[PDB]
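Visitor: Encoded as structure tokens, here's the structure I'll be asking about.
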Amino acid sequence: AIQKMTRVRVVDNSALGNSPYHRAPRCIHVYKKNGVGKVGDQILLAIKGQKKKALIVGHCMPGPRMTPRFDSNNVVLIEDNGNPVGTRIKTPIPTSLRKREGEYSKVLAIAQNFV
Amino acid sequence: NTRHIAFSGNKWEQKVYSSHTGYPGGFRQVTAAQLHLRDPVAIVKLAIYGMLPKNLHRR
Amino acid sequence: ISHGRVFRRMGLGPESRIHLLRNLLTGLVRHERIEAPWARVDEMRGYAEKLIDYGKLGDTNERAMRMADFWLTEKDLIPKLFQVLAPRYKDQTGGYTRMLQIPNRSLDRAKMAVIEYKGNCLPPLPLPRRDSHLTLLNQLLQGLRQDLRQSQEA
Amino acid sequence: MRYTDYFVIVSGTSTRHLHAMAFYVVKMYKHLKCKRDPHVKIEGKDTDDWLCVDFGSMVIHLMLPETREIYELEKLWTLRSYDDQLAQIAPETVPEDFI
Amino acid sequence: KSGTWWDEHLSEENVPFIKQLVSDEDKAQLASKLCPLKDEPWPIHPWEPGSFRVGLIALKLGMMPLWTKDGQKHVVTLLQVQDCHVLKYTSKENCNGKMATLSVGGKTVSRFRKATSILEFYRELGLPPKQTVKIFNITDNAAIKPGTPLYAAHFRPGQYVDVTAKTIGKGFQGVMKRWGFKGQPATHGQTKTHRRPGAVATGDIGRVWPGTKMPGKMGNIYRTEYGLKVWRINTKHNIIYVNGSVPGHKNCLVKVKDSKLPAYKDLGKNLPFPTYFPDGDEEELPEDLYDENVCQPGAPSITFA
Amino acid sequence: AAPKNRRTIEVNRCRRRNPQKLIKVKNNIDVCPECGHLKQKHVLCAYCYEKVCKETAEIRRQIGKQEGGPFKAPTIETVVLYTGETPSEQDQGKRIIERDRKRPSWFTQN
RNA sequence: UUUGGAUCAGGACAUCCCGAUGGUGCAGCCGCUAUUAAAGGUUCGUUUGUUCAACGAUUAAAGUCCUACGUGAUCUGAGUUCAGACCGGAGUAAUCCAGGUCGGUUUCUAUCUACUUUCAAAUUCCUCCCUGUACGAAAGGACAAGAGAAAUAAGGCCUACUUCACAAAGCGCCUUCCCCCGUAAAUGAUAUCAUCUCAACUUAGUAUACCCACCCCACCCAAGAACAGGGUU
RNA sequence: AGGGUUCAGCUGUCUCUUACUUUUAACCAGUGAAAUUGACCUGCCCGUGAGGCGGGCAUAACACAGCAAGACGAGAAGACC
Ligand SMILES: [K+]
Ligand SMILES: [K+]
Ligand SMILES: [Mg+2]
Ligand SMILES: [Mg+2]
Ligand SMILES: [Mg+2]
Ligand SMILES: [Mg+2]
Ligand SMILES: [Mg+2]
Ligand SMILES: [Mg+2]
Ligand SMILES: [Mg+2]
Ligand SMILES: [Mg+2]
Ligand SMILES: [Mg+2]
Ligand SMILES: [Mg+2]
Ligand SMILES: [Mg+2]
Ligand SMILES: [Mg+2]
Ligand SMILES: [Mg+2]
Ligand SMILES: [Mg+2]
Ligand SMILES: [Mg+2]
Ligand SMILES: [Mg+2]
Ligand SMILES: [Mg+2]
Ligand SMILES: [Mg+2]
Ligand SMILES: [Mg+2]
Ligand SMILES: [Mg+2]
Ligand SMILES: [Mg+2]
Ligand SMILES: [Zn+2]
């Protein structure tokens, strides 16, 4: 789904993620062995001249059955330690972050909708 | 009684018998003790084969 | 790797294959018996068999009418298709065409097959016939069958 | 809401207090009962301000008062889509063409 | 000096008679072997550690999904055990191996397409000829009298089995398709080199090492899959629902036996030994033997905790 | 790639006279029961096929001379009658193709 | 005073990581040193680009070489350098310059050797329990056996998704099973102590799987270049 | 259609290739070249100066389809004194 030089959409309300030129940040590194990012993976974005770690919440590429497919490749910014930069998420996100192993409780708590 | 042959000196652990299967990295060297354990007649067979003349009559 | 591929690659493409099959089918419809290379005859046999079912569908059927219009280049054959061949095979449910192999043509030693519609008016082909019931092996097997039947009856 | 049963927010005095509370509660959970259900991992060890634990049906978040003010979760989880921040954020927008 | 087939000289009045006669004979021979424990069976021994029992010859029907009570979906391959029988027994001394051998056949075929020696071998055994014959290694206490039928009940759910069969052939293939070589780019001046292997050896040796990966015929060889478990068994249709995929195309014959992995050894204590005997069985088996984790189709909608 | 040496006549013989190169004999030849000419078991007899083809060609020539133009395919059955033949009771309402010859022995009338 | 890149890589250890062992630091966490070990692995990009200069983000690691840059009858970039031309300089001029720059055609039908399924033992991270345990003043923080998840590699498959449709395929799914011996230690004369032993001796790590039979004209095939093979009840 | 560079879009250039059609291809039938060619009954490892020499090893004969590691492949000509 998401790999290097792939445009992503920032879904939280972070001021860094708010783009006044309507330009989209693109990933420059995927923190996985094979470089292919699925739901729940951690990547790096070159956004506004800054390199910020980000957590992907939904992607356009199809996945397993009963798992929602989104029409856009969604991502939420995270700090270097795990605390999300943004405060809330408006668009629904999959609940599979609960099943997946990782630091996701903060994002699930600040999320509003589920699908 | 080819199993009960005797090697003078430390030949049982000094002499080696090296063979190649033809594939890359197929160079194998097994000592006299290992060869005797795997096949008790191999030592005598190889000795006689080596001492025989090198022509079509050796086989 | 061609597993399950039931359509042969022939002609200059799919269009050419369809056109060659259509011409062969039209010739067969007109003449009731033709000869052609073995692969082409084998490919055309299925279309020939299904055309009779489309004729049985009836001329008043729009789908059958359009199919006949496409598959008959000579338009005088559509009334023939809907009024001669279909009534002839009305009783039967299959096996409308018979195909046999014939000696290779002298031009290029190609494998040739002759395909005809059953019930035609042309002289009968020298069909290969099984051995008569009066031969030695058939008589012995018939005796065995009679003995088994009478033993079962008893 | 399809998330959990009991959502708990707790404010401690220091990061050491948060770590001690998390250690004590997880130790009691492991020692009390439920040999069958899966273990629970401490979530947010490297995060000094925030810490989380996710049990089978109860989720607990340890966080300092400053972090609570920054992310006020009580109004979020009481009012679904009726929250202050959420109202201040546009639901969805799409840029159009120029002149 | 001229070739012949069975129905070359048969007449129209005799071909159906011969067909029905041979079909009825085959059916009678198949049915006559359905009572093994009454036709003087070989002695039956209790199970012992270190004992290996005989396997089965199945037919690959297809695959279907199957869900667990945890809600996870796994694909199961249907292996139908049809007309599977034991042909002959060979002793350890005669086979000159560490373990004794047993022969198993299945999927009866026509007698008109088999050699004279095979036909006369099956004539004394009183069974229609089988398509394939496989050899299983067993111990002395696992011997079974020849002519004994075998069924899918020989295995049980939760048991791990290994399946070996000839894979789907692909004919002559290149390096990219056969060994996964990456090839060359399609543009930037490349001249008739897009799938070529490229370099084959080094310049010093002046030869090609034996075993070098080169284009050639691929597939159509015997491969074995290990560590596959049984999720469900259909007793009426003699069908095994093995986990995962198995080598070979549909409607092929696959040899199944117990798993050889050391981590799954000594798991046959509760398995039938040396095999299942429905005729002498006190109780009738259920229609479908499921697994503890398998959610049956008749079971209600699963609600998680 | 150019050859490095001339291949000798012994090597050429060993390659050319190899059993794979040799022509294999056929054991599917039998006499035709009707005319006695040779034929293959799975292939129609050439002599019988060509006599039938010539008769069919004559019949089709008669049919074409009767129709007298393209796009004139009849919508009724066809019956071929030879000299000294009359239309049958069931062969009514069918186009009759007349022939100035004796009916062939193998052409069994219906 | 010659040289890079693509594909395929073979071998050596003077070992980057994965493995054992000794010393070694104040307890663990970690560190340095030393021995043995080639079975396995050793990333993606940017400006450049005579391959080395500057780097960014990862990983257990991003090792040194030989192989006629290993490899160009497999491909390709730069130079060796050209036939045209300019700017700077030399020369009366023709012309020249390892100086700076632009552009610029190696063609090949495999004769010989060798080879064309090594018929199969899998590797590495991360997370949970132990466990916040032993240990620690605190800071901190492991053992050993276990469980899960991920990636790659090898071998297969189409029940779903997708490219597509009697089928092939991945982006999809399934399976993956042994040791490694450097040394640490008993008893004991030479040398009546002691001594692990190029002393006699003890102890510790000092195989199974798959193939296993022998009508054929013709037709079909999940088998296949031809050939061969399976089915034809 | 001059030599470099850039914003956006675009796409199998690539991540990582896959499916199909035509051509080619393989078999059958007809016609039918060229470069090349000392003779060859034309193996591997090590050494020496390498298919032909020395020491070991290997080894019934033979046809078809690929492969390009070697035959300094005449191969392929050019470049330098
Ligand atoms: K080669
Ligand atoms: K030259
Ligand atoms: Mg064609
Ligand atoms: Mg095939
Ligand atoms: Mg694969
Ligand atoms: Mg490619
Ligand atoms: Mg090209
Ligand atoms: Mg060209
Ligand atoms: Mg380059
Ligand atoms: Mg070393
Ligand atoms: Mg070079
Ligand atoms: Mg070369
Ligand atoms: Mg240039
Ligand atoms: Mg150039
Ligand atoms: Mg070539
Ligand atoms: Mg050609
Ligand atoms: Mg020819
Ligand atoms: Mg010439
Ligand atoms: Mg020779
Ligand atoms: Mg010298
Ligand atoms: Mg040499
Ligand atoms: Mg020599
Ligand atoms: Mg050849
Ligand atoms: Zn005849």
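Residues are referred to by chain and number: the chain letter is A, B, ... according to the order shown in the structure tokens, the number counts from 1 in that chain, and ligands are numbered separately from 1 in the order shown.
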Distance limit 9 Å, atoms considered: only C-alpha atoms. Which chain C residues sit that close to chain F? Return them as a PyMOL selection string.
Guide: chain C and resi 30-31+74-77+79-85+100-103+120-128
Visitor: Mind writing the picked residues with N, CA and C atoms as a short mmCIF file (atom, residue, chain, number, x, y, z; two decimals), in the first residue's frame?
Guide:
data_model
loop_
_atom_site.label_atom_id
_atom_site.label_comp_id
_atom_site.auth_asym_id
_atom_site.auth_seq_id
_atom_site.Cartn_x
_atom_site.Cartn_y
_atom_site.Cartn_z
N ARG C 30 -24.81 -24.64 -46.99
CA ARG C 30 -25.25 -24.65 -48.38
C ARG C 30 -25.11 -26.03 -49.01
N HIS C 31 -24.01 -26.73 -48.76
CA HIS C 31 -23.70 -27.94 -49.51
C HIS C 31 -23.99 -29.24 -48.77
N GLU C 74 -24.51 -15.79 -46.68
CA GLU C 74 -25.47 -15.82 -47.78
C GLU C 74 -26.87 -15.86 -47.19
N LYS C 75 -27.64 -14.79 -47.42
CA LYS C 75 -28.90 -14.62 -46.72
C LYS C 75 -29.98 -15.58 -47.20
N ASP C 76 -29.80 -16.22 -48.35
CA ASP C 76 -30.77 -17.19 -48.82
C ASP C 76 -30.78 -18.47 -47.99
N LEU C 77 -29.79 -18.66 -47.12
CA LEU C 77 -29.69 -19.87 -46.32
C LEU C 77 -30.47 -19.80 -45.02
N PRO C 79 -33.73 -18.90 -44.48
CA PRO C 79 -34.96 -19.70 -44.63
C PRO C 79 -34.68 -21.19 -44.68
N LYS C 80 -33.59 -21.60 -45.33
CA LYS C 80 -33.21 -23.01 -45.32
C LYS C 80 -32.93 -23.48 -43.91
N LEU C 81 -32.17 -22.69 -43.14
CA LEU C 81 -31.84 -23.07 -41.77
C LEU C 81 -33.10 -23.26 -40.93
N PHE C 82 -34.05 -22.34 -41.06
CA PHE C 82 -35.23 -22.38 -40.21
C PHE C 82 -36.35 -23.26 -40.75
N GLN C 83 -36.25 -23.76 -41.98
CA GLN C 83 -37.35 -24.53 -42.55
C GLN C 83 -36.97 -25.90 -43.10
N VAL C 84 -35.69 -26.27 -43.11
CA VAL C 84 -35.30 -27.58 -43.61
C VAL C 84 -34.51 -28.33 -42.54
N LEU C 85 -33.38 -27.75 -42.13
CA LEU C 85 -32.49 -28.45 -41.21
C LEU C 85 -33.13 -28.63 -39.84
N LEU C 100 -15.39 -37.22 -40.37
CA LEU C 100 -14.49 -38.33 -40.61
C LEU C 100 -13.18 -37.79 -41.15
N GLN C 101 -12.13 -38.61 -41.07
CA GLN C 101 -10.82 -38.24 -41.58
C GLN C 101 -10.64 -38.80 -42.98
N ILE C 102 -10.00 -38.02 -43.85
CA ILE C 102 -9.78 -38.42 -45.24
C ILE C 102 -8.29 -38.32 -45.54
N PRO C 103 -7.82 -38.99 -46.59
CA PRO C 103 -6.39 -38.96 -46.90
C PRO C 103 -5.87 -37.55 -47.09
N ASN C 120 -28.62 -35.91 -45.13
CA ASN C 120 -28.50 -35.22 -46.40
C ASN C 120 -28.89 -36.14 -47.56
N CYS C 121 -29.07 -35.55 -48.73
CA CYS C 121 -29.46 -36.28 -49.93
C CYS C 121 -28.28 -36.81 -50.72
N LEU C 122 -27.05 -36.49 -50.31
CA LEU C 122 -25.88 -36.91 -51.05
C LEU C 122 -25.64 -38.41 -50.88
N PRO C 123 -24.88 -39.02 -51.79
CA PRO C 123 -24.57 -40.44 -51.67
C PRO C 123 -23.87 -40.74 -50.35
N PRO C 124 -24.16 -41.89 -49.74
CA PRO C 124 -23.58 -42.19 -48.43
C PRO C 124 -22.07 -42.34 -48.49
N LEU C 125 -21.41 -41.86 -47.44
CA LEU C 125 -19.97 -42.06 -47.32
C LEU C 125 -19.67 -43.51 -46.96
N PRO C 126 -18.49 -44.01 -47.33
CA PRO C 126 -18.10 -45.36 -46.92
C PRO C 126 -17.78 -45.43 -45.44
N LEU C 127 -18.81 -45.44 -44.60
CA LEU C 127 -18.62 -45.36 -43.16
C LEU C 127 -17.90 -46.60 -42.64
N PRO C 128 -17.02 -46.46 -41.65
CA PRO C 128 -16.40 -47.64 -41.04
C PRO C 128 -17.40 -48.38 -40.16
#
Visitor: Within 9 Å of chain D, which residues belong to chain A? Use only C-alpha atoms and report them as a VMD selection string.
Guide: chain A and resid 13 22 81 to 83 87 to 91 95 98 102 to 106 108 to 114
Visitor: Would you please extract all strand (DSSP E or B) residues from chain D, as assigned by DSSP on the backbone, and give them as a list in words?
Guide: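 DSSP-assigned strand (DSSP E or B) residues in chain D: residues 6, 7, 8, 9, 10, 43, 50, 51, 52, 53, 54, 58, 59, 60, 61, 62 and 63 of chain D.
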Visitor: For the residues in that selection, give me C-alpha atoms as a PDB file, in the first residue's frame.
Guide:
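Just written: result_1.pdb:
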ATOM      1  CA  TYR D   6     -15.243   0.819  31.226  1.00  0.00           C
ATOM      2  CA  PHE D   7     -12.966   3.695  30.201  1.00  0.00           C
ATOM      3  CA  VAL D   8     -10.909   5.058  33.104  1.00  0.00           C
ATOM      4  CA  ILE D   9      -8.831   8.244  33.246  1.00  0.00           C
ATOM      5  CA  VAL D  10      -6.497   8.671  36.220  1.00  0.00           C
ATOM      6  CA  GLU D  43       1.466   0.663  26.737  1.00  0.00           C
ATOM      7  CA  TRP D  50       0.848   9.412  29.126  1.00  0.00           C
ATOM      8  CA  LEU D  51       0.509   5.701  29.868  1.00  0.00           C
ATOM      9  CA  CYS D  52      -2.175   3.205  28.897  1.00  0.00           C
ATOM     10  CA  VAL D  53      -3.302  -0.318  29.734  1.00  0.00           C
ATOM     11  CA  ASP D  54      -5.918  -2.258  27.756  1.00  0.00           C
ATOM     12  CA  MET D  58     -11.652  -2.163  30.615  1.00  0.00           C
ATOM     13  CA  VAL D  59      -9.153   0.435  29.395  1.00  0.00           C
ATOM     14  CA  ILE D  60      -7.200   2.685  31.770  1.00  0.00           C
ATOM     15  CA  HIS D  61      -5.214   5.816  30.901  1.00  0.00           C
ATOM     16  CA  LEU D  62      -2.747   7.353  33.358  1.00  0.00           C
ATOM     17  CA  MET D  63      -1.928  10.943  32.488  1.00  0.00           C
TER      18      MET D  63
END
Visitor: Pull out every residue of chain G that has at least one atom within 10 Å of chain B, counting only C-alpha atoms (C1' of nucleotides), and report them as a ChimeraX atom specification.
Guide: /G:10-11,118
Visitor: How would the residues just picked look written out with C-alpha atoms (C1' of nucleotides) as a PDB file, in the first residue's frame?
Guide:
ATOM      1  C1'   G G  10      32.115 -19.309  -7.546  1.00  0.00           C
ATOM      2  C1'   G G  11      35.906 -19.535  -3.864  1.00  0.00           C
ATOM      3  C1'   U G 118      22.007 -31.043  -5.779  1.00  0.00           C
TER       4        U G 118
END
Visitor: Can you list, as a PyMOL selection string, every protein, DNA or RNA residue that comes within 12 Å of residue G:229 when you count only C-alpha atoms (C1' of nucleotides), leaving out same-chain residues fewer than 4 positions away?
Guide: (chain E and resi 169+220) or (chain G and resi 221+223-224)
Visitor: Could you write out the selected residues, including N, CA and C atoms (P, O5', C5', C4', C3', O3' and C1' of nucleotides), as a PDB file, in the first residue's frame?
Guide:
ATOM      1  N   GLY E 169       2.586 -29.613 -13.867  1.00  0.00           N
ATOM      2  CA  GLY E 169       3.701 -29.356 -14.756  1.00  0.00           C
ATOM      3  C   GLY E 169       3.505 -28.096 -15.577  1.00  0.00           C
ATOM      4  N   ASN E 220       5.816 -31.164 -12.672  1.00  0.00           N
ATOM      5  CA  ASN E 220       5.522 -32.573 -12.925  1.00  0.00           C
ATOM      6  C   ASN E 220       6.513 -33.484 -12.206  1.00  0.00           C
TER       7      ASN E 220
ATOM      8  P     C G 221      -8.177 -32.010 -25.269  1.00  0.00           P
ATOM      9  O5'   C G 221      -7.452 -32.364 -23.895  1.00  0.00           O
ATOM     10  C5'   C G 221      -8.145 -32.270 -22.660  1.00  0.00           C
ATOM     11  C4'   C G 221      -7.349 -32.865 -21.525  1.00  0.00           C
ATOM     12  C3'   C G 221      -5.995 -32.233 -21.257  1.00  0.00           C
ATOM     13  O3'   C G 221      -6.098 -31.047 -20.490  1.00  0.00           O
ATOM     14  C1'   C G 221      -5.793 -34.593 -21.238  1.00  0.00           C
ATOM     15  P     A G 223      -0.109 -30.797 -15.899  1.00  0.00           P
ATOM     16  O5'   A G 223       0.004 -32.190 -16.659  1.00  0.00           O
ATOM     17  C5'   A G 223       1.004 -33.127 -16.286  1.00  0.00           C
ATOM     18  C4'   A G 223       1.728 -33.685 -17.485  1.00  0.00           C
ATOM     19  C3'   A G 223       2.355 -32.670 -18.426  1.00  0.00           C
ATOM     20  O3'   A G 223       3.609 -32.187 -17.977  1.00  0.00           O
ATOM     21  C1'   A G 223       1.137 -34.242 -19.683  1.00  0.00           C
ATOM     22  P     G G 224       4.111 -30.722 -18.410  1.00  0.00           P
ATOM     23  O5'   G G 224       4.534 -30.890 -19.934  1.00  0.00           O
ATOM     24  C5'   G G 224       5.599 -31.748 -20.311  1.00  0.00           C
ATOM     25  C4'   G G 224       5.555 -32.054 -21.787  1.00  0.00           C
ATOM     26  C3'   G G 224       5.745 -30.868 -22.718  1.00  0.00           C
ATOM     27  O3'   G G 224       7.102 -30.513 -22.910  1.00  0.00           O
ATOM     28  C1'   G G 224       3.862 -32.091 -23.409  1.00  0.00           C
TER      29        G G 224
END
Visitor: Let me see if you get this right: every residue at most 12 Å from ligand 14, counting only C-alpha atoms (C1' of nucleotides) and all ligand atoms, written as a list in words.
Guide: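 The residues near ligand 14 are residues 77, 78, 79, 81, 82, 103, 104 and 105 of chain G.
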Visitor: Restricting the output to N, CA and C atoms (P, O5', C5', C4', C3', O3' and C1' of nucleotides), write the selected residues as a PDB file, in the first residue's frame.
Guide:
ATOM      1  P     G G  77      25.911   2.655 -23.934  1.00  0.00           P
ATOM      2  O5'   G G  77      26.449   3.424 -22.645  1.00  0.00           O
ATOM      3  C5'   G G  77      25.714   4.507 -22.094  1.00  0.00           C
ATOM      4  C4'   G G  77      26.386   5.096 -20.877  1.00  0.00           C
ATOM      5  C3'   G G  77      27.777   5.676 -21.072  1.00  0.00           C
ATOM      6  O3'   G G  77      27.777   6.961 -21.667  1.00  0.00           O
ATOM      7  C1'   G G  77      27.745   4.360 -19.117  1.00  0.00           C
ATOM      8  P     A G  78      29.015   7.422 -22.583  1.00  0.00           P
ATOM      9  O5'   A G  78      30.220   7.609 -21.556  1.00  0.00           O
ATOM     10  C5'   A G  78      30.283   8.743 -20.701  1.00  0.00           C
ATOM     11  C4'   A G  78      31.531   8.734 -19.850  1.00  0.00           C
ATOM     12  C3'   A G  78      32.855   8.689 -20.599  1.00  0.00           C
ATOM     13  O3'   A G  78      33.268   9.962 -21.066  1.00  0.00           O
ATOM     14  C1'   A G  78      32.881   7.097 -18.853  1.00  0.00           C
ATOM     15  P     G G  79      34.022  10.104 -22.478  1.00  0.00           P
ATOM     16  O5'   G G  79      35.502   9.595 -22.183  1.00  0.00           O
ATOM     17  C5'   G G  79      36.345  10.284 -21.270  1.00  0.00           C
ATOM     18  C4'   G G  79      37.528   9.439 -20.875  1.00  0.00           C
ATOM     19  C3'   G G  79      38.465   9.039 -22.006  1.00  0.00           C
ATOM     20  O3'   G G  79      39.426  10.041 -22.291  1.00  0.00           O
ATOM     21  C1'   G G  79      37.919   7.133 -20.720  1.00  0.00           C
ATOM     22  P     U G  81      44.477   8.667 -25.996  1.00  0.00           P
ATOM     23  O5'   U G  81      43.191   8.796 -26.924  1.00  0.00           O
ATOM     24  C5'   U G  81      42.235   9.826 -26.703  1.00  0.00           C
ATOM     25  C4'   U G  81      41.618  10.294 -27.995  1.00  0.00           C
ATOM     26  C3'   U G  81      40.262  10.984 -27.861  1.00  0.00           C
ATOM     27  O3'   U G  81      40.168  12.020 -28.837  1.00  0.00           O
ATOM     28  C1'   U G  81      40.057   9.107 -29.275  1.00  0.00           C
ATOM     29  P     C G  82      39.072  13.183 -28.681  1.00  0.00           P
ATOM     30  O5'   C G  82      37.902  12.732 -29.665  1.00  0.00           O
ATOM     31  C5'   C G  82      37.936  13.068 -31.044  1.00  0.00           C
ATOM     32  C4'   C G  82      39.023  12.319 -31.773  1.00  0.00           C
ATOM     33  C3'   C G  82      39.047  12.474 -33.284  1.00  0.00           C
ATOM     34  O3'   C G  82      39.663  13.677 -33.708  1.00  0.00           O
ATOM     35  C1'   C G  82      39.284  10.192 -32.720  1.00  0.00           C
ATOM     36  P     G G 103      26.369  16.054 -25.658  1.00  0.00           P
ATOM     37  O5'   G G 103      26.385  15.720 -27.214  1.00  0.00           O
ATOM     38  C5'   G G 103      25.282  16.045 -28.047  1.00  0.00           C
ATOM     39  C4'   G G 103      25.592  15.743 -29.491  1.00  0.00           C
ATOM     40  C3'   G G 103      26.116  14.341 -29.762  1.00  0.00           C
ATOM     41  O3'   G G 103      25.074  13.392 -29.912  1.00  0.00           O
ATOM     42  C1'   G G 103      27.537  15.917 -30.790  1.00  0.00           C
ATOM     43  P     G G 104      25.235  11.911 -29.318  1.00  0.00           P
ATOM     44  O5'   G G 104      26.101  11.150 -30.416  1.00  0.00           O
ATOM     45  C5'   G G 104      25.674  11.093 -31.767  1.00  0.00           C
ATOM     46  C4'   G G 104      26.822  10.765 -32.686  1.00  0.00           C
ATOM     47  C3'   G G 104      27.566   9.476 -32.380  1.00  0.00           C
ATOM     48  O3'   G G 104      26.917   8.322 -32.882  1.00  0.00           O
ATOM     49  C1'   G G 104      29.124  11.212 -32.679  1.00  0.00           C
ATOM     50  P     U G 105      26.898   6.976 -32.008  1.00  0.00           P
ATOM     51  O5'   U G 105      26.019   5.966 -32.868  1.00  0.00           O
ATOM     52  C5'   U G 105      26.390   5.626 -34.198  1.00  0.00           C
ATOM     53  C4'   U G 105      26.253   4.146 -34.452  1.00  0.00           C
ATOM     54  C3'   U G 105      27.408   3.290 -33.941  1.00  0.00           C
ATOM     55  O3'   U G 105      26.906   2.029 -33.502  1.00  0.00           O
ATOM     56  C1'   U G 105      27.195   3.012 -36.277  1.00  0.00           C
TER      57        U G 105
END
Visitor: Hey, which residues sit close to ligand 6? Say within 12 Å, counting only C-alpha atoms (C1' of nucleotides) and all ligand atoms, and write them as a PyMOL selection string.
Guide: (chain E and resi 176-177+180-187+193-196) or (chain G and resi 6-7) or (chain H and resi 12-18)
Visitor: Could the residues that lie within 9 Å of ligand 21, counting only C-alpha atoms (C1' of nucleotides) and all ligand atoms, be listed as a list in words?
Guide: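 The neighbouring residues of ligand 21 are, in order, residues 46, 47, 48 and 50 of chain H.
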Visitor: Neighbours of ligand 10 at 7 Å or closer, counting only C-alpha atoms (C1' of nucleotides) and all ligand atoms: which residues, as a PyMOL selection string?
Guide: chain G and resi 13+36-37
Visitor: Give me, as a PDB file with N, CA and C atoms, in the first residue's frame, the set of residues whose atoms come within 8 Å of any atom of ligand 3, counting only C-alpha atoms (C1' of nucleotides) and all ligand atoms.
Guide:
ATOM      1  N   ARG C   9      -5.756 -21.292 -31.625  1.00  0.00           N
ATOM      2  CA  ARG C   9      -5.245 -20.065 -32.225  1.00  0.00           C
ATOM      3  C   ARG C   9      -5.116 -20.292 -33.726  1.00  0.00           C
ATOM      4  N   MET C  10      -5.977 -19.638 -34.502  1.00  0.00           N
ATOM      5  CA  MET C  10      -5.988 -19.825 -35.944  1.00  0.00           C
ATOM      6  C   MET C  10      -6.320 -18.504 -36.618  1.00  0.00           C
ATOM      7  N   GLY C  11      -5.923 -18.396 -37.883  1.00  0.00           N
ATOM      8  CA  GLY C  11      -6.114 -17.161 -38.611  1.00  0.00           C
ATOM      9  C   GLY C  11      -5.161 -16.075 -38.133  1.00  0.00           C
ATOM     10  N   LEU C  12      -5.489 -14.843 -38.509  1.00  0.00           N
ATOM     11  CA  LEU C  12      -4.705 -13.677 -38.135  1.00  0.00           C
ATOM     12  C   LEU C  12      -5.105 -13.101 -36.783  1.00  0.00           C
TER      13      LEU C  12
END
Visitor: Residues within 12 Å of residue G:208, please, as a PyMOL selection string. Count only C-alpha atoms (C1' of nucleotides); anything in the same chain fewer than 2 positions from it doesn't count.
Guide: (chain E and resi 98-99+137+259-262) or (chain G and resi 120-121+177-178+210)
Visitor: Near residue C:44, within 8 Å and counting only C-alpha atoms (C1' of nucleotides), which residues show up once chain neighbours fewer than 5 positions away are dropped, as a PDB file with N, CA, C and O atoms, in the first residue's frame?
Guide:
ATOM      1  N   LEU C  21     -14.370 -19.548 -39.485  1.00  0.00           N
ATOM      2  CA  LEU C  21     -15.395 -20.472 -39.016  1.00  0.00           C
ATOM      3  C   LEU C  21     -16.746 -20.151 -39.639  1.00  0.00           C
ATOM      4  O   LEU C  21     -17.507 -21.058 -39.989  1.00  0.00           O
ATOM      5  N   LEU C  24     -16.736 -21.428 -43.258  1.00  0.00           N
ATOM      6  CA  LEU C  24     -16.880 -22.880 -43.282  1.00  0.00           C
ATOM      7  C   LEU C  24     -18.303 -23.297 -42.935  1.00  0.00           C
ATOM      8  O   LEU C  24     -18.866 -24.202 -43.564  1.00  0.00           O
ATOM      9  N   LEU C  25     -18.904 -22.642 -41.941  1.00  0.00           N
ATOM     10  CA  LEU C  25     -20.269 -22.973 -41.550  1.00  0.00           C
ATOM     11  C   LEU C  25     -21.254 -22.664 -42.667  1.00  0.00           C
ATOM     12  O   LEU C  25     -22.183 -23.439 -42.915  1.00  0.00           O
TER      13      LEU C  25
END
Visitor: Just give me the gap between atom CA of residue A:49 and atom CA of residue A:25 in Å, one decimal is fine.
Guide: 9.6 Å
Visitor: State, in Å with one decimal place, the distance from atom CA of residue E:23 to atom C1' of residue G:231.
Guide: 16.9 Å
Visitor: Atom CA of residue C:68 and atom CA of residue C:32, how far apart in Å?
Guide: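 According to the coordinates, atom CA of residue C:32 and atom CA of residue C:68 are separated by 16.5 Å.
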